[PDB]
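Q: Below you will find the structure I want to go over with you.
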Amino acid sequence: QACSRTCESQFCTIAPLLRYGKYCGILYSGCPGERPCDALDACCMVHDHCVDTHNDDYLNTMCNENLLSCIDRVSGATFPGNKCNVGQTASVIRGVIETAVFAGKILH
Ligand SMILES: [Ca+2]
């Protein structure tokens, strides 16, 4: 219930408040079985489930580095009504994940 079935495009350039697609955003995720909204959204869906299936470790290196690889290869159409620039938003996301990767190496 506490999940998204709609493709959002909100606070595109503000990482703490960003909500993009059904999956991209902090503590913001699509409901079970929900199709991602575009290529960027699909990267975020995989990442979200990866963290979920690794004891909620948002600093997991696999999860995080896999998202970076995925982000760098994002292309194609986006969903209707998208207020965000896809490339600019992927960059915003990438910065957050870079920070998480660095945080993980500090702690581990
Ligand atoms: Ca999310």
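Counting starts with 1 at the first residue shown.
Just so you know, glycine gets a Cβ as well, placed from its N, Cα and C.
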Q: Looking only at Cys7, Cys12, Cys63, which is named in Swiss-Prot as the disulfide mate of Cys37?
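A: Out of the candidates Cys7, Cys12, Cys63, the one Swiss-Prot links to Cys37 is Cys7.
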Q: Since Swiss-Prot lists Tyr23, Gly25, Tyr28 for Ca(2+), which candidate among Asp38, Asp48 does it give for that site as well?
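A: Candidate in the recorded Ca(2+) site: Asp48.
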Q: If you have Swiss-Prot open, could you say which of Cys24, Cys31, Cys63, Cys70 makes the disulfide with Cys44?
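A: Swiss-Prot lists the disulfide between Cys44 and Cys24.
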Q: With reference to Swiss-Prot, which of the candidate residues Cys43, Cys63 participates in the disulphide bond with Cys50?
A: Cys63
Q: Quick one: which of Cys31, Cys43 does Swiss-Prot link to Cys70 by a disulfide?
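A: Cross-referencing Swiss-Prot, the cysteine bonded to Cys70 turns out to be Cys43.
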Q: So, in Swiss-Prot, which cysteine from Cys31, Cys84 is disulfide-paired with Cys12?
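A: Within the candidate set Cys31, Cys84, Swiss-Prot assigns the bond with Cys12 to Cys84.
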Q: At the level of the C-alpha atoms, what whole-angstrom distance separates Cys24 (disulfide bond) and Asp48 (Ca(2+) binding site)?
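A: Here the two Cα atoms are 9 Å apart.
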Q: Out of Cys7, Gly25, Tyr28, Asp48, which recorded positions have CB atoms lying under 6 Å from ligand 1?
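A: Listed by sequence, the hits are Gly25, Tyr28, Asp48.
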